[PDB]
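> In the first instance, please consider these chains from the complex; the rest will follow:
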Amino acid sequence: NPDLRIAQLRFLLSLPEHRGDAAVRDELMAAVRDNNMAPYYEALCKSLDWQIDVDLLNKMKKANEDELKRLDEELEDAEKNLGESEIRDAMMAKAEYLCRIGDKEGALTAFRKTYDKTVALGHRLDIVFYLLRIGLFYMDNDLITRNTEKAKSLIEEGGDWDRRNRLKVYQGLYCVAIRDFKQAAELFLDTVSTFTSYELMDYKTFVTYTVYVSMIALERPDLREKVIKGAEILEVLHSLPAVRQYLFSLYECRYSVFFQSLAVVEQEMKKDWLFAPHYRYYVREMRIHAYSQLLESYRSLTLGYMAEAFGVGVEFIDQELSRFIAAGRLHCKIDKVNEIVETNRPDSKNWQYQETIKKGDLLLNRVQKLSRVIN
Amino acid sequence: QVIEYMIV
Amino acid sequence: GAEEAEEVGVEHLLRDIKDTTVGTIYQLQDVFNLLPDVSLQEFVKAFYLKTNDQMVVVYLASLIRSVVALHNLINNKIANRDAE
Amino acid sequence: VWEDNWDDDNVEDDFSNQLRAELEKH
């Protein structure tokens, strides 16, 4: 099932000297030494990594022509007494095998080839999962979205809601990579997760991904109780105490350990390949949601009690909160006249206005990009 | 804005 | 009035120039009791606001009809483009 | 991505600012 943790390894190796060689190097070449697969694993090492030596590469290409050569005579064998289920499965030799080649033609032009001569929807969304899931490995967003609108074609009897949840996990795992943190948590949250022994779910990851994707967009009063007093996730983060003490350090206001808990997440931001403005934006919105949670209950916030939030003192809160009100996303202001921060709340009536100036402009601009002669 | 307030 | 059920003998009789074009001391003492309003604190703010909100509505709209009008543009351009 | 981030100027993040924060206090 291309491609597994080798996606994360392919990230971690090409990640800079934050992480290079030395024992992410062997587990990568445990697959490269395994699966005998030339057409990506030379394009893998091309990226500032490794060159010829050809030492693995010869019997790698040789077993590639062994399996690739022997699969062809089932495509030419499946006419004696072998129907379209067997030309089908011969194209599954070419399809699973030429999908773990990791080529975007060897898999991609085989799947539309097996989209012809095709039995019903034990296939039509079996492959469009299996095409979507390697599209995650190659992050080609057009392939993902076209597999969504090809994958909303489940009206079989398709009200197969242990296969909607496979697609719902795929939507959550993709929409966390395209900033849509609203769609990610609930989809994840209301899923439970199970996909052929959770092999793409790769759990020891999933419920964690939920409980540190939630507090971006899942609203702090509403379903955060459904996070906390929801008896489906609390017992499986019981074995995961780090994200647990990341979770109950917001609603319990013990923030001298919460910034500690968020500094952990900024060290396990390194792992996931949906990476860079996701963790910088993520720490930004954990940070801003943490400060806005504190000062909203008070009409006046003193310097000593805001210093009590960790123990950072003054200038951390001063420069940082001045950057936040420079962004204007809280309502506070660094009233150093007394060193007591004031907070009323102008509501979200203005939120819209400010939102829609930019929004409106962008929308018209798109049309302004089109509605000239170029049509 | 009564002067300011093409659609037809 | 309205001339119900017999406007057939009116709409035949509404030729040249057509309906539109079709195809196109005590009382006066109590008059000025309800006139004066320039007091913009409250009322002024309210009036400002409503206008803004309704203006927005129009902006929202004057947009989706521009989009569907543009859809008619690409329909006509691909039509006469295929008539080449 | 494709929702405009800052990612500009700022020195190493809440891990290191956490580190010199608690170290500078203590």
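Nice, thanks for sending it over. Numbering: from 1, shown residues only, chains lettered A, B, ... in the order given.
> how about residue 24, what does it touch?
All of this refers to chain A. Applying CB atoms under 8 Å, 6 or more residues apart in numbering or on different chains to residue A:24 gives the contacts A:9, A:12-13. Just so you know, the C-beta spots here come from the backbone N, C-alpha and C atoms, and that holds for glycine as well.
> that answer is for a different chain, and I need it for chain D
Residue D:24 neighbours (CB under 8 Å, 6+ apart): residue A:313.
> of the contacts of residue A:24, closest to residue A:162?
residue A:9 (29.7 Å; CB to CB).
> what's near enough to touch the closest one?
For residue A:9, the contacting residues are A:24, A:27-28, A:31, by CB under 8 Å, 6+ apart.
> Dump the contacts of residue A:24 to CSV, plus distance to residue A:238 and secondary structure.
Listed next are these as CSV, based on distance: CB to CB, whole Å; DSSP: H, G, I helix; E, B strand; the rest coil:
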residue, distance to residue A:238, secondary structure
A:9, 29, helix
A:12, 28, helix
A:13, 34, helix
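> Of those, just say which sits nearest to chain D.
Comparing the contacts of residue A:24 against chain D with CB to the nearest CB places residue A:12 closest, at 18.2 Å.
> dump the residue contacts of the closest one.
With CB under 8 Å, 6+ apart, residue A:12 has these contacts: A:19, A:24, A:270-271.
> and these, which are buried?
Buried members of the contacts of residue A:12, counted by 16 or more other CB atoms under 10 Å in any protein chain shown: residue A:24.
> Would you mind giving the contacts of residue A:12 as a markdown table with secondary structure added?
Below are the contacts of residue A:12 laid out as a markdown table (DSSP: H, G, I helix; E, B strand; the rest coil):
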| residue | secondary structure |
| --- | --- |
| A:19 | coil |
| A:24 | coil |
| A:270 | coil |
| A:271 | coil |
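> is it true that residue C:10 touches residue C:1?
No. Contact criterion CB atoms under 8 Å: residue C:10 and residue C:1 do not qualify, at 10.9 Å.
> Just confirm residue C:61 is within a helix.
Yes. Under three-state DSSP, residue C:61 falls within a helix.
> Look up how far chain D lies from it.
Plainly put, residue C:61 is 27 Å away from chain D if you go by CB to the nearest CB, to the nearest Å.
> can you add chain E next? sequence is:
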Amino acid sequence: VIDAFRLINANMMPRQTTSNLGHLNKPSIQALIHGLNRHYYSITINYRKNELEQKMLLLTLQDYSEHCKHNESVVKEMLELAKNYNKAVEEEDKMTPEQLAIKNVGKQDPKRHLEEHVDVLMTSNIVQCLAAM
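Chain E added:
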């Protein structure tokens, strides 16, 4: 429908007319009617009127609930009717022929609905509001 007639009970035995008057070579040409037109022979109906008669024949509501609850209404159908317009432009972009199966007589009607909705408010949420000014 007005028409007078003659006594052509008998006398099958002048009026240049500019060629037989026109519109009685176009009646509802039906046999029992035209067989009646052998006796009938309608001619014209003139009309008079005067300017006087002609000429003779020729606000608010603001946030009661009114302005809100007809822009709280119609923008919701712009939401999900524009979702069905999304489904229309996505769907008919490819595999479309024969005038969209005759304009979807069935499941009428996507897109035009949006145009109608747009038309309804822009004659209302401006104009009398304009007179508010």
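> Quick one: classify residue A:353 as helix, strand or coil.
helix.
> what sits against it?
Residue A:353 neighbours (CB under 8 Å, 6+ apart): C:52, C:56.
> so how many other residues sit close to residue C:24?
Using other CB atoms under 10 Å in any protein chain shown, the number of residues around residue C:24 comes to 6.
> gap between it and residue A:192?
Note on residue C:24: its distance to residue A:192, by CB to CB, to the nearest Å, is 65 Å.
> Run through who's touching the helix or strand encompassing residue E:89.
Counting by DSSP states H and E, the element that carries residue E:89 is helix E:74-91. Contact with helix E:74-91 is made by A:149, C:57, C:60-61, C:64, C:68, C:71, E:110-111, E:113-114, E:117-118, E:120-121, as judged by CB under 8 Å, 6+ apart.
> Which among those count as buried?
By 16+ other CB under 10 Å, these give C:57, C:60-61, C:64, C:68, E:110-111, E:113-114, E:117-118, E:121 as buried.
> Taking these together, which two end up most distant?
Largest separation among the buried ones among the contacts of helix E:74-91 by CB to CB: C:57 and E:110, giving 22.5 Å.
> circling back to that earlier point, inside helices: which ones of the contacts of helix E:74-91?
Of those, the ones assigned to helices by DSSP state H are A:149, C:57, C:60-61, C:64, C:68, C:71, E:113-114, E:117-118, E:120-121.
> In CSV, list those along with distance to chain B.
CSV is the format used below for the ones in helices among the contacts of helix E:74-91 (distance: CB to the nearest CB, whole Å):
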residue, distance to chain B
A:149, 36
C:57, 14
C:60, 15
C:61, 11
C:64, 14
C:68, 15
C:71, 19
E:113, 20
E:114, 17
E:117, 16
E:118, 11
E:120, 13
E:121, 12
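> and chain A, which residues reach chain D?
Residues of chain A lying close to chain D by CB under 8 Å from any CB of the partner chain are A:177-179, A:259-260, A:262-263, A:266-267, A:276-278, A:280-281, A:283-284, A:287, A:310-313, A:316.
> Can I have the buried ones of those residues as a PyMOL selection?
Entered in PyMOL, the line below selects the buried ones among these, by 16+ other CB under 10 Å:
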select buried, chain A and resi 177+178+179+259+260+262+263+266+277+278+280+281+283+284+287+310+312+316
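> okay, chain F goes in next:
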Amino acid sequence: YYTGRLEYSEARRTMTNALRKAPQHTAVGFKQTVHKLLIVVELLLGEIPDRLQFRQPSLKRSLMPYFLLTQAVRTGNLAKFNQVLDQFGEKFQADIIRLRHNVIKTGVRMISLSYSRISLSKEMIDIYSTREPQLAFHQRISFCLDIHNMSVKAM
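One more piece, chain F, placed on the ones above:
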């Protein structure tokens, strides 16, 4: 665009009129400096983050200095805008108070400690409104649709 090559009131409408005709035109000269120069002038008026950095990967046309000065104003201090200016020095387009203007949009609070610190009629503060304040922006899109009619006069 050549008319775009002082005033800042209409450099962005001539930026919309400018950034039209280049499917694949040149690699030096005509295609290159129109985009990056005009968005630099779009920061000479003072327009900051959210059209800048994700709009960069379309061109990527040698892409060092002008973007560096855009975040050098997006932060807004003279200390490292110095080394943007003097250490580069060849960036050209020679033709300071604007990155001062950014940080003092905040204030400490408002007055700033009895009219004195450094960082380095609608009683509301300017949020939104239902009168003259938001009306200007409103009649923006209306104008746009009216100007977009031109579409109906083309078939």
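> What about the contacts of residue A:9 again, now that chain F is present?
A:24, A:27-28, A:31.
> Ok, residue C:48 next?
Taking CB under 8 Å, 6+ apart, we find residue C:48 in contact with F:129-133, F:135.
> could you say which helix or strand contains it?
Per DSSP H and E: helix C:45-82 holds residue C:48.
> That helix to helix E:74-91, inter-axis angle?
20 degrees (axes from the mean of the first three to the mean of the last three CA atoms, to 10 degrees).
> where's the residue of chain A positioned farthest from its centre relative to residue A:87, distance?
In chain A, counting by CA atoms, centre = their mean, residue A:80 sits farthest out from the average C-alpha position, at 46.2 Å. Separation of residue A:80 from residue A:87 (CB to CB): 12 Å.
> cool, and residue A:241?
Counting by CB to CB, the gap from residue A:241 to residue A:87 is 53 Å.
> Then residue F:41?
Distance from residue F:41 to residue A:87, by CB to CB: 63 Å.
> tell me which element residue A:153 falls in.
Counting by DSSP H and E, residue A:153 is part of no helix or strand.
> Leaving out chain neighbours, which residue sits closest to residue C:71?
Closest residue to residue C:71 apart from its sequence neighbours, by CB to CB, 6 or more residues apart in numbering or on different chains: residue E:89 at 7.4 Å.
> sorry, that was for residue A:214
In this structure, residue A:214 finds its nearest non-sequential neighbour in residue A:185, 4.8 Å apart by CB to CB, 6+ apart.
> residues near residue F:95, how many?
5.
> Return the residues of chain F in contact with chain A.
Within chain F, the positions lying close to chain A (CB under 8 Å from any CB) are F:16, F:20, F:50, F:103, F:105-114, F:117, F:119, F:124-125, F:127-129, F:134, F:137, F:140-141, F:144, F:148, F:151.
> Just the buried subset of the residues you listed, written out for ChimeraX, thanks.
This is how ChimeraX selects the buried members of the residues of chain F next to chain A, with burial counted by 16+ other CB under 10 Å:
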select /F:103,106,107,108,109,112,119,127,128,129,134,137,141,144,148,151
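> Could you measure from the residue nearest the centre of chain C over to residue F:128?
Nearest residue to the geometric centre of chain C (CA atoms, centre = their mean): residue C:58, 11.7 Å. Residue C:58 sits 17 Å away from residue F:128, going by CB to CB.
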